[PDB]
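Peer 1: Just so it is clear, I am handing over target34.cif, which has mmCIF, N, CA and C atoms.
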```cif
data_final
#
loop_
_atom_site.label_atom_id
_atom_site.label_comp_id
_atom_site.auth_asym_id
_atom_site.auth_seq_id
_atom_site.Cartn_x
_atom_site.Cartn_y
_atom_site.Cartn_z
N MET A 1 -22.51 8.65 -24.74
CA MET A 1 -21.18 9.31 -24.83
C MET A 1 -20.21 8.57 -23.91
N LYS A 2 -19.03 8.22 -24.42
CA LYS A 2 -18.01 7.50 -23.61
C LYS A 2 -16.86 8.46 -23.32
N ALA A 3 -16.33 8.43 -22.10
CA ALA A 3 -15.23 9.34 -21.74
C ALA A 3 -14.12 8.55 -21.05
N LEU A 4 -12.89 9.04 -21.14
CA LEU A 4 -11.75 8.38 -20.48
C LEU A 4 -11.06 9.42 -19.61
N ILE A 5 -10.84 9.12 -18.34
CA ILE A 5 -10.17 10.10 -17.44
C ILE A 5 -8.74 9.64 -17.20
N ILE A 6 -7.77 10.51 -17.44
CA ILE A 6 -6.35 10.14 -17.26
C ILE A 6 -5.73 11.08 -16.22
N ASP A 7 -5.46 10.55 -15.03
CA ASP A 7 -4.84 11.31 -13.92
C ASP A 7 -4.01 10.31 -13.11
N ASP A 8 -2.93 10.78 -12.49
CA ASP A 8 -2.08 9.87 -11.69
C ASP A 8 -2.72 9.67 -10.31
N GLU A 9 -3.41 10.70 -9.80
CA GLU A 9 -4.07 10.65 -8.47
C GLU A 9 -5.46 10.05 -8.60
N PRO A 10 -5.76 8.88 -7.99
CA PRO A 10 -7.07 8.23 -8.14
C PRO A 10 -8.23 9.04 -7.56
N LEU A 11 -7.95 9.91 -6.59
CA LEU A 11 -9.02 10.74 -5.99
C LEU A 11 -9.57 11.65 -7.09
N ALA A 12 -8.66 12.31 -7.81
CA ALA A 12 -9.02 13.24 -8.91
C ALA A 12 -9.87 12.52 -9.95
N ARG A 13 -9.53 11.28 -10.26
CA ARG A 13 -10.32 10.50 -11.24
C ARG A 13 -11.72 10.31 -10.67
N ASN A 14 -11.80 10.11 -9.36
CA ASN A 14 -13.13 9.87 -8.73
C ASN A 14 -13.94 11.16 -8.75
N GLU A 15 -13.33 12.27 -8.34
CA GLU A 15 -14.03 13.58 -8.34
C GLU A 15 -14.59 13.83 -9.73
N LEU A 16 -13.76 13.71 -10.76
CA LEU A 16 -14.21 13.95 -12.15
C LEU A 16 -15.32 12.97 -12.50
N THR A 17 -15.17 11.71 -12.12
CA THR A 17 -16.21 10.71 -12.46
C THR A 17 -17.54 11.14 -11.84
N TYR A 18 -17.49 11.62 -10.60
CA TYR A 18 -18.74 12.03 -9.93
C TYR A 18 -19.43 13.11 -10.76
N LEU A 19 -18.72 14.20 -11.03
CA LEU A 19 -19.28 15.34 -11.80
C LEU A 19 -19.87 14.85 -13.12
N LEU A 20 -19.14 14.02 -13.86
CA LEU A 20 -19.66 13.53 -15.16
C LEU A 20 -20.97 12.79 -14.94
N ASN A 21 -21.05 11.95 -13.92
CA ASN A 21 -22.30 11.20 -13.65
C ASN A 21 -23.40 12.19 -13.25
N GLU A 22 -23.05 13.23 -12.49
CA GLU A 22 -24.05 14.25 -12.12
C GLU A 22 -24.58 14.88 -13.41
N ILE A 23 -23.68 15.27 -14.31
CA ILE A 23 -24.10 15.88 -15.60
C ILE A 23 -24.94 14.86 -16.37
N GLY A 24 -24.49 13.61 -16.43
CA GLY A 24 -25.25 12.55 -17.12
C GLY A 24 -24.97 12.47 -18.60
N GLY A 25 -25.44 11.40 -19.25
CA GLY A 25 -25.24 11.24 -20.70
C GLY A 25 -24.00 10.44 -21.01
N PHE A 26 -23.41 9.82 -19.99
CA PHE A 26 -22.18 9.02 -20.20
C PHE A 26 -22.48 7.54 -19.97
N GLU A 27 -22.57 6.80 -21.07
CA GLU A 27 -22.86 5.35 -21.03
C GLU A 27 -21.66 4.61 -20.46
N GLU A 28 -20.47 5.20 -20.58
CA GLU A 28 -19.26 4.51 -20.08
C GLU A 28 -18.20 5.54 -19.69
N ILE A 29 -17.55 5.34 -18.55
CA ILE A 29 -16.47 6.25 -18.08
C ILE A 29 -15.34 5.38 -17.57
N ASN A 30 -14.23 5.29 -18.30
CA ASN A 30 -13.07 4.48 -17.87
C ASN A 30 -11.95 5.40 -17.41
N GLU A 31 -10.98 4.88 -16.67
CA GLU A 31 -9.86 5.73 -16.22
C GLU A 31 -8.54 5.11 -16.64
N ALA A 32 -7.45 5.86 -16.46
CA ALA A 32 -6.09 5.41 -16.79
C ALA A 32 -5.12 6.26 -15.97
N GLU A 33 -3.99 5.71 -15.55
CA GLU A 33 -3.06 6.52 -14.73
C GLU A 33 -1.75 6.76 -15.47
N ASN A 34 -1.59 6.19 -16.66
CA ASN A 34 -0.31 6.36 -17.40
C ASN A 34 -0.57 6.27 -18.90
N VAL A 35 0.50 6.40 -19.68
CA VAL A 35 0.41 6.36 -21.16
C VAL A 35 0.03 4.96 -21.62
N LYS A 36 0.61 3.93 -21.01
CA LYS A 36 0.32 2.55 -21.45
C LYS A 36 -1.18 2.29 -21.35
N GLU A 37 -1.74 2.48 -20.15
CA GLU A 37 -3.19 2.24 -19.92
C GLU A 37 -4.01 3.08 -20.89
N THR A 38 -3.65 4.36 -21.01
CA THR A 38 -4.34 5.31 -21.90
C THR A 38 -4.37 4.76 -23.33
N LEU A 39 -3.20 4.49 -23.90
CA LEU A 39 -3.14 4.00 -25.30
C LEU A 39 -3.85 2.66 -25.41
N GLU A 40 -3.64 1.80 -24.42
CA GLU A 40 -4.32 0.49 -24.41
C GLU A 40 -5.81 0.76 -24.51
N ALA A 41 -6.31 1.63 -23.64
CA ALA A 41 -7.75 1.96 -23.59
C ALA A 41 -8.22 2.50 -24.94
N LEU A 42 -7.48 3.46 -25.49
CA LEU A 42 -7.87 4.10 -26.77
C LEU A 42 -7.94 3.06 -27.89
N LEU A 43 -6.98 2.14 -27.90
CA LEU A 43 -6.91 1.09 -28.93
C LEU A 43 -8.21 0.30 -29.02
N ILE A 44 -8.80 -0.07 -27.89
CA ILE A 44 -9.98 -0.98 -27.95
C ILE A 44 -11.31 -0.27 -27.74
N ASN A 45 -11.36 1.06 -27.72
CA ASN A 45 -12.67 1.72 -27.49
C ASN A 45 -12.76 3.08 -28.18
N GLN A 46 -13.95 3.42 -28.68
CA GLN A 46 -14.16 4.73 -29.34
C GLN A 46 -14.61 5.72 -28.26
N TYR A 47 -13.74 6.64 -27.87
CA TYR A 47 -14.10 7.62 -26.83
C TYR A 47 -14.45 8.95 -27.49
N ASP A 48 -15.53 9.57 -27.03
CA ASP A 48 -15.96 10.87 -27.59
C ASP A 48 -15.12 11.97 -26.97
N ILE A 49 -14.71 11.78 -25.72
CA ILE A 49 -13.94 12.86 -25.04
C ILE A 49 -13.04 12.23 -23.99
N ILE A 50 -11.86 12.80 -23.79
CA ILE A 50 -10.94 12.29 -22.75
C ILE A 50 -10.50 13.47 -21.89
N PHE A 51 -10.46 13.28 -20.58
CA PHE A 51 -10.00 14.33 -19.66
C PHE A 51 -8.57 13.96 -19.31
N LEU A 52 -7.64 14.88 -19.52
CA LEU A 52 -6.23 14.47 -19.33
C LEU A 52 -5.49 15.51 -18.51
N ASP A 53 -4.71 15.05 -17.54
CA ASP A 53 -3.86 15.96 -16.74
C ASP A 53 -2.67 16.36 -17.61
N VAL A 54 -1.99 17.44 -17.26
CA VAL A 54 -0.83 17.96 -18.02
C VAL A 54 0.35 16.99 -17.92
N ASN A 55 0.45 16.24 -16.82
CA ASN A 55 1.55 15.27 -16.66
C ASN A 55 1.05 14.06 -15.89
N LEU A 56 1.43 12.86 -16.33
CA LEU A 56 1.09 11.62 -15.60
C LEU A 56 2.38 11.19 -14.92
N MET A 57 2.50 11.49 -13.63
CA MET A 57 3.73 11.21 -12.86
C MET A 57 4.90 11.81 -13.63
N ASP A 58 5.65 10.99 -14.36
CA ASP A 58 6.82 11.52 -15.10
C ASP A 58 6.51 11.61 -16.60
N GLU A 59 5.44 10.97 -17.05
CA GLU A 59 5.07 11.02 -18.49
C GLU A 59 4.51 12.42 -18.79
N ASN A 60 4.66 12.90 -20.02
CA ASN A 60 4.18 14.26 -20.39
C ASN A 60 2.79 14.17 -21.00
N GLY A 61 1.80 14.80 -20.37
CA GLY A 61 0.41 14.76 -20.87
C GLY A 61 0.25 15.51 -22.18
N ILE A 62 0.85 16.70 -22.26
CA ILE A 62 0.74 17.52 -23.49
C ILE A 62 1.20 16.68 -24.68
N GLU A 63 2.40 16.12 -24.59
CA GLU A 63 2.94 15.28 -25.68
C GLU A 63 1.98 14.13 -25.95
N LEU A 64 1.49 13.47 -24.90
CA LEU A 64 0.52 12.37 -25.09
C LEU A 64 -0.67 12.93 -25.88
N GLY A 65 -1.22 14.06 -25.44
CA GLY A 65 -2.34 14.66 -26.17
C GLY A 65 -1.97 14.89 -27.62
N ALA A 66 -0.81 15.50 -27.85
CA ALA A 66 -0.34 15.80 -29.21
C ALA A 66 -0.40 14.54 -30.08
N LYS A 67 0.13 13.43 -29.59
CA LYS A 67 0.14 12.16 -30.37
C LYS A 67 -1.29 11.67 -30.57
N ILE A 68 -2.16 11.87 -29.59
CA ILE A 68 -3.57 11.42 -29.66
C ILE A 68 -4.33 12.13 -30.78
N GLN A 69 -3.96 13.37 -31.12
CA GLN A 69 -4.61 14.16 -32.20
C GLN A 69 -4.22 13.68 -33.60
N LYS A 70 -3.24 12.77 -33.72
CA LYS A 70 -2.81 12.18 -35.02
C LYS A 70 -3.63 10.92 -35.32
N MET A 71 -4.63 10.61 -34.50
CA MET A 71 -5.51 9.44 -34.67
C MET A 71 -6.48 9.69 -35.83
N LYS A 72 -7.03 8.64 -36.42
CA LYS A 72 -7.98 8.81 -37.55
C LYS A 72 -9.14 9.68 -37.05
N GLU A 73 -9.85 9.21 -36.03
CA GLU A 73 -10.94 9.95 -35.39
C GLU A 73 -10.54 10.15 -33.94
N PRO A 74 -9.76 11.20 -33.61
CA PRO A 74 -9.33 11.43 -32.24
C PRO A 74 -10.55 11.80 -31.42
N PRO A 75 -10.56 11.51 -30.11
CA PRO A 75 -11.63 11.98 -29.25
C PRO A 75 -11.29 13.42 -28.86
N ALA A 76 -12.26 14.16 -28.35
CA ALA A 76 -11.96 15.55 -27.95
C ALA A 76 -10.99 15.51 -26.77
N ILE A 77 -10.03 16.43 -26.73
CA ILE A 77 -9.07 16.40 -25.60
C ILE A 77 -9.34 17.59 -24.69
N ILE A 78 -9.62 17.31 -23.42
CA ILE A 78 -9.86 18.40 -22.44
C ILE A 78 -8.79 18.26 -21.37
N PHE A 79 -8.00 19.31 -21.17
CA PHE A 79 -6.97 19.24 -20.12
C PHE A 79 -7.61 19.67 -18.81
N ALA A 80 -7.46 18.83 -17.79
CA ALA A 80 -7.99 19.12 -16.44
C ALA A 80 -6.81 19.02 -15.48
N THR A 81 -6.27 20.16 -15.08
CA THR A 81 -5.05 20.12 -14.24
C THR A 81 -5.03 21.29 -13.27
N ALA A 82 -4.10 21.24 -12.31
CA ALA A 82 -3.92 22.33 -11.34
C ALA A 82 -2.81 23.26 -11.85
N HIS A 83 -2.20 22.92 -12.99
CA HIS A 83 -1.11 23.74 -13.58
C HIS A 83 -1.69 24.61 -14.68
N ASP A 84 -1.29 25.88 -14.73
CA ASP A 84 -1.87 26.83 -15.71
C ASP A 84 -0.80 27.39 -16.64
N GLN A 85 0.24 26.63 -16.95
CA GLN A 85 1.30 27.19 -17.83
C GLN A 85 1.26 26.54 -19.21
N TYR A 86 0.35 25.60 -19.43
CA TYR A 86 0.36 24.89 -20.73
C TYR A 86 -0.87 25.20 -21.58
N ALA A 87 -1.58 26.28 -21.28
CA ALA A 87 -2.77 26.59 -22.09
C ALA A 87 -2.35 26.87 -23.53
N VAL A 88 -1.27 27.62 -23.71
CA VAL A 88 -0.81 27.97 -25.08
C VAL A 88 -0.47 26.69 -25.84
N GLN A 89 0.21 25.76 -25.20
CA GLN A 89 0.56 24.49 -25.87
C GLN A 89 -0.72 23.73 -26.19
N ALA A 90 -1.69 23.75 -25.28
CA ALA A 90 -2.98 23.06 -25.50
C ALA A 90 -3.65 23.61 -26.75
N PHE A 91 -3.64 24.93 -26.91
CA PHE A 91 -4.25 25.56 -28.11
C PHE A 91 -3.49 25.11 -29.35
N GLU A 92 -2.16 25.04 -29.25
CA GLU A 92 -1.29 24.64 -30.38
C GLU A 92 -1.64 23.23 -30.87
N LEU A 93 -1.94 22.32 -29.95
CA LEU A 93 -2.26 20.93 -30.36
C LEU A 93 -3.76 20.76 -30.54
N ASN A 94 -4.48 21.86 -30.75
CA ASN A 94 -5.94 21.84 -31.00
C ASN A 94 -6.69 21.11 -29.88
N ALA A 95 -6.42 21.45 -28.63
CA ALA A 95 -7.16 20.82 -27.51
C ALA A 95 -8.56 21.42 -27.48
N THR A 96 -9.56 20.66 -27.04
CA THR A 96 -10.94 21.19 -27.04
C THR A 96 -11.13 22.18 -25.89
N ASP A 97 -10.51 21.93 -24.75
CA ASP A 97 -10.64 22.86 -23.60
C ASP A 97 -9.50 22.59 -22.61
N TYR A 98 -9.26 23.54 -21.72
CA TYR A 98 -8.21 23.44 -20.69
C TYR A 98 -8.86 23.93 -19.40
N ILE A 99 -9.13 23.01 -18.48
CA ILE A 99 -9.85 23.40 -17.23
C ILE A 99 -8.90 23.35 -16.04
N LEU A 100 -8.81 24.46 -15.31
CA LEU A 100 -7.92 24.60 -14.14
C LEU A 100 -8.62 24.10 -12.88
N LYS A 101 -7.91 23.37 -12.03
CA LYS A 101 -8.50 22.88 -10.76
C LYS A 101 -8.43 24.02 -9.75
N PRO A 102 -9.38 24.13 -8.80
CA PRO A 102 -10.46 23.16 -8.68
C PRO A 102 -11.61 23.66 -9.56
N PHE A 103 -12.39 22.74 -10.10
CA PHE A 103 -13.50 23.16 -10.99
C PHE A 103 -14.79 22.53 -10.49
N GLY A 104 -15.92 23.06 -10.96
CA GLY A 104 -17.23 22.54 -10.54
C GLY A 104 -17.96 21.88 -11.68
N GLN A 105 -19.19 21.47 -11.45
CA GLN A 105 -19.99 20.78 -12.48
C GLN A 105 -20.31 21.75 -13.62
N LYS A 106 -20.51 23.03 -13.32
CA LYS A 106 -20.88 23.99 -14.39
C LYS A 106 -19.76 24.10 -15.41
N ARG A 107 -18.52 24.26 -14.95
CA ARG A 107 -17.38 24.44 -15.89
C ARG A 107 -17.17 23.16 -16.70
N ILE A 108 -17.32 21.99 -16.08
CA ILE A 108 -17.12 20.72 -16.83
C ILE A 108 -18.23 20.60 -17.87
N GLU A 109 -19.44 20.99 -17.50
CA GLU A 109 -20.61 20.94 -18.41
C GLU A 109 -20.32 21.78 -19.64
N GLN A 110 -19.77 22.97 -19.44
CA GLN A 110 -19.42 23.87 -20.56
C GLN A 110 -18.58 23.11 -21.57
N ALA A 111 -17.48 22.51 -21.11
CA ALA A 111 -16.58 21.75 -21.99
C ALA A 111 -17.34 20.60 -22.66
N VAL A 112 -18.02 19.79 -21.87
CA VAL A 112 -18.78 18.64 -22.42
C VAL A 112 -19.75 19.16 -23.48
N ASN A 113 -20.43 20.26 -23.19
CA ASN A 113 -21.40 20.82 -24.17
C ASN A 113 -20.63 21.27 -25.40
N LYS A 114 -19.44 21.83 -25.19
CA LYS A 114 -18.59 22.29 -26.31
C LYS A 114 -18.39 21.13 -27.29
N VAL A 115 -18.01 19.96 -26.78
CA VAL A 115 -17.75 18.79 -27.67
C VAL A 115 -19.05 18.23 -28.26
N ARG A 116 -20.22 18.50 -27.67
CA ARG A 116 -21.47 17.99 -28.31
C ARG A 116 -21.72 18.79 -29.60
N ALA A 117 -21.12 18.34 -30.71
CA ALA A 117 -21.17 19.00 -32.03
C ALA A 117 -21.01 17.93 -33.11
N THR A 118 -22.08 17.67 -33.87
CA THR A 118 -22.05 16.64 -34.95
C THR A 118 -22.98 17.08 -36.09
#
```
In structure tokens, how does this file's structure come out?
Peer 2:
Amino acid sequence: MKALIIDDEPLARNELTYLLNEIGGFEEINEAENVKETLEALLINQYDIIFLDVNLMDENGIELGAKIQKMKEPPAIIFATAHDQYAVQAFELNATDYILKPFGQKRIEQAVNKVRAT
């Protein structure tokens, strides 16, 4: 399973990377801090799931997620943020999950297990 973490704060990307490695089953985990890196990354790799903050500095994460769902085979979108006002929008753009910070390995596992469906 390959995952992509998109957050502006590199510490947050590290915390999430740790938990994913603790859970296991991830052959590859890449990160991105903006829309350019994110889209660049998506273009050259098939990701099963992406963890995305609600906003990347000034870029809008929700809108980015929305555009990502128009892909042929979009990866699952999980919002991981400290903001709790965009859950309704996340549901509207068919997001797989919306996780509020701070979160633990159990809650991330729930989401990851949610996307394990084929």
Peer 1: If you measure from CA of residue 66 (chain A) to atom C of residue 90 (chain A), what distance in Å do you get, rounded to one decimal?
Peer 2: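 According to the coordinates, CA of residue 66 (chain A) and atom C of residue 90 (chain A) are separated by 8.8 Å.
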Peer 1: Would you compute the distance between CA of residue 70 (chain A) and atom N of residue 42 (chain A)? Give it in Å to one decimal.
Peer 2: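 Between CA of residue 70 (chain A) and atom N of residue 42 (chain A) the gap works out to 13.7 Å.
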Peer 1: Please expand the PyMOL selection byres (((chain A and resi 101-114 and name CA) around 10) and name CA) into the concrete residues it hits in this file, giving the result as number ranges by chain.
Peer 2: A: 1, 3, 12, 15-16, 18-25, 48-49, 51, 76-78, 80-84, 96-100, 115-117
Peer 1: If you run DSSP on the backbone, which residues of region 38-99 of chain A are strand (DSSP E or B), as number ranges by chain?
Peer 2: A: 49-52, 55-56, 59-60, 76-81, 97-99
Peer 1: Using only C-alpha atoms, which of A:43, A:50, A:62, A:56 sits nearest residue 87 (chain A)?
Peer 2: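 Answer, going by the shortest atom-to-atom distance: A:62.
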Peer 1: Looking only at alpha helix (DSSP H) from DSSP on the backbone, list the matching residues of region 60-91 of chain A as a count of residues only.
Peer 2: 13
Peer 1: Compare A:11, A:46, A:2, A:68 by their minimum atom-to-atom distance to residue 27 (chain A), counting all atoms listed in the file, and give me the closest one.
Peer 2: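 Checking each of A:11, A:46, A:2, A:68 against residue 27 (chain A), counting all atoms listed in the file, the winner is A:2.
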Peer 1: For a test of reading the model, state the distance in Å between atom N of residue 59 (chain A) and CA of residue 35 (chain A), rounded to one decimal.
Peer 2: 8.0 Å
